[PDB]
Amino acid sequence: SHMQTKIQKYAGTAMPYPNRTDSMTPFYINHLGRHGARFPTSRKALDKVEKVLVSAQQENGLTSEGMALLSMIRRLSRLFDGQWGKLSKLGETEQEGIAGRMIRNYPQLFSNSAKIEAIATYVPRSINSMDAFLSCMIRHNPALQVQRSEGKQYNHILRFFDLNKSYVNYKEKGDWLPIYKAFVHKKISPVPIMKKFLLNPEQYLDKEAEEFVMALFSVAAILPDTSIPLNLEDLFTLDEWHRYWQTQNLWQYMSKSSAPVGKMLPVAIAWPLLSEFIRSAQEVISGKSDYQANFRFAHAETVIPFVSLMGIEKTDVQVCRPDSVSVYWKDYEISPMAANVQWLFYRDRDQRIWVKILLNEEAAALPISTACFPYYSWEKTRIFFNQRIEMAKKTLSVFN
């Protein structure tokens, strides 16, 4: 159903990894993956919902469906306790699927004693995502050679967003914040939603009504990622989900991607990862290294600026009008749960190197020419990426 599939898209970066199917041969794969589907990282939204409903209960202010909602929220509070930020069973099976289709699509690459390396951040959901992925790989071919490592030593290429002080300030206090808040006031109409759950929804101040509804969307958006057999998606109409998504999509765009208000600073900070991608590929191409694949497990704030910095079409657009961002830039197409980028390298009969870019396992486009899409000349692509890195360094030089 197109309605239910649109509602899933409106979960934004909390969308579960989409459904993918099986199916020449690459000699190398260069990979970046976000962790799989996870529990919420913060109790703030759930607490806010429970607090508002509990006060309404003591005021005898709940509708029949509001009482049903409160009972559910108390249950979720018990089920989420001790589980915040953890990879879910669904998150493991997403990684098993991504690895599984890779192995079946390219059996020759991972055959015999092929060599692979994986790295992850120090964050458990990303370590455990790498392990679900690696376990699948080893199950299919126990003769793989496997190097596994993780931790803060990879902060420079996987958590660059924590290391640049101008970006940290921008993320926390930047000029995007008033724009986001104004956009929320325009998009979000709380009274229809609160009318389902609360008697006299009009007695609530606009700000607390907004905050309650925003929190409830947040709880409902993350529940499909937890492997808990409970659902809140029908609380909202398709239009209401659409409006909520528009606000969160704008937040991700402005805080983490190419919005004009960010002056490309949020994108520029990813250049060390793009540099390391090129370096690992060049060493395999030359023979200095003989890895068949490099895998990397990290975060949405790793993937989003990395994709924009590569210049994948429709991901680095600099949209001048906030209300237009949703038409041109879709975070669920870029960084859903388990979002991943794969560079597949090929050698043709004349020994020329070609690369194919997969974004969530579908061919992605670069703003350079090729006579045989989706394959790009590696020479052309490397030069293009090196120019992107040089641009990124210039951008960072203008913000200390």
Side-chain angles (χ1 to χ4, degrees), residues 1-16 37-91 184-185 187-249 251 332 336-337:
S1 182
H2 276 314
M3 209 194 64
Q4 315 297 171
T5 166
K6 282 191 165 313
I7 284 179
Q8 300 153 3
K9 287 178 181 178
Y10 293 147
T13 54
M15 188 180 92
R38 63 158 168 80
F39 278 72
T41 50
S42 164
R43 52 170 326 120
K44 288 342 307 163
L46 186 66
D47 288 351
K48 182 78 199 223
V49 169
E50 186 166 22
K51 177 134 154 283
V52 172
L53 294 174
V54 157
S55 305
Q57 193 194 39
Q58 287 309 88
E59 285 286 280
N60 299 297
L62 288 177
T63 67
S64 150
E65 192 164 9
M67 287 157 9
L69 178 59
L70 177 47
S71 173
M72 152 93 99
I73 287 287
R74 298 177 128 141
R75 209 175 291 286
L76 292 185
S77 163
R78 174 174 50 81
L79 293 175
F80 289 2
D81 182 64
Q83 313 312 308
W84 309 98
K86 286 183 183 185
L87 188 68
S88 74
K89 179 59 169 174
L90 171 64
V184 169
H185 302 318
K187 287 272 138 179
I188 297 323
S189 285
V191 165
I193 295 157
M194 293 186 90
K195 181 169 154 173
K196 318 172 42 79
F197 314 115
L198 293 152
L199 298 170
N200 331 306
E202 300 87 6
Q203 101 182 8
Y204 286 81
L205 299 179
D206 298 349
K207 176 190 136 103
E208 37 161 5
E210 211 173 65
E211 296 177 335
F212 170 77
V213 158
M214 287 312 267
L216 182 57
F217 273 119
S218 176
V219 171
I222 199 71
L223 189 55
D225 291 318
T226 64
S227 289
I228 293 172
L230 299 169
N231 180 288
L232 295 178
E233 296 224 308
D234 322 80
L235 265 39
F236 307 97
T237 72
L238 164 85
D239 180 66
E240 286 166 346
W241 269 116
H242 183 204
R243 284 161 181 281
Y244 178 70
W245 169 75
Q246 286 170 67
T247 69
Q248 300 309 288
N249 189 71
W251 163 54
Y332 59 83
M337 294 277 182

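Excluded from the calculations below are hydrogen atoms, water molecules and symmetry mates; all remaining heavy atoms, backbone and side chain alike, are included. The residues of the chain are indexed from 1 along the displayed sequence.
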Checklist entry - Once you round to the nearest 0.5 Å, how far does CD1 of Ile73 lie from NZ of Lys48? => result 13.5 Å
Item to check | Closest non-hydrogen atom pair between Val49 and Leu216, with its separation | outcome: CG2-N, 3.6 Å
Next on the checklist: Using 30° and 60° as the class boundaries, would you call the ring planes of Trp84 and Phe80 parallel, tilted or perpendicular?
Outcome noted: perpendicular
Checklist entry - Do the ring planes of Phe217 and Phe236 sit parallel (below 30°), tilted (30 to 60°) or perpendicular (above 60°)? => result parallel
Checklist entry - Can you tell me how far the CD atom of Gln83 sits from the OG atom of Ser88, to the nearest 0.5 Å? => result 11.0 Å
Next on the checklist: Does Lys6 have more than 12 heavy atoms from other residues, nucleotides or ligands lying within 6.0 Å of its NZ?
Outcome noted: no
Checklist entry - Do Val54 and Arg74 come close enough that some side-chain heavy atom pair is under 4.5 Å? => result yes
Next on the checklist: What verdict does the side chain to side chain contact (heavy atoms under 4.5 Å, CB included) test give for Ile7 and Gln4, after you've listed the backbone C-alpha separation in whole Å, the side-chain angles of each residue and the deciding distance to 0.1 Å?
Outcome noted: CA-CA 5 Å; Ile7 284 179; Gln4 315 297 171; 3.9 Å; yes
Contacts table for residues 218-232: side-chain donor-acceptor under 3.5 angstrom, sequence neighbours left out:
residue: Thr226; atom: OG1; partner: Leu223; partner atom: O; Å: 2.7
residue: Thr226; atom: OG1; partner: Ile228; partner atom: N; Å: 3.2
residue: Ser227; atom: OG; partner: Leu90; partner atom: N; Å: 2.9
residue: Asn231; atom: OD1; partner: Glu233; partner atom: N; Å: 2.7

Checklist entry - So how far is it from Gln8 CD to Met15 CE, rounded to the nearest 0.5 Å? => result 7.5 Å
Checklist entry - Any side-chain heavy atom of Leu69 within less than 4.5 Å of one from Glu65? => result no
Checklist entry - Below 4.0 angstrom, N of the basic side chain to O of the carboxylate: do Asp81 and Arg78 qualify? => result no
Checklist entry - Looking only at atom types and distance, does a side-chain atom of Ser55 sit under 3.5 Å from a main-chain N or O of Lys51, one as donor and one as acceptor? => result yes
Checklist outcome for this item: When rounded to the nearest 0.5 Å, the distance separating OH of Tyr244 from CE of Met214 is 5.0 Å
Checklist entry - What's the spacing between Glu210 CD and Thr247 OG1 if we round to 0.5 Å? => result 9.0 Å
Name each donor-acceptor pair under 3.5 Å that joins a side chain in residues 193-208 to protein atoms two or more places apart or in another chain, with its distance.
residue: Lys207; atom: NZ; partner: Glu211; partner atom: OE2; Å: 3.0
residue: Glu208; atom: OE2; partner: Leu205; partner atom: N; Å: 2.9

Checklist entry - OG1 of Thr13 to CH2 of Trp245: how many Å apart, nearest 0.5 Å? => result 11.5 Å
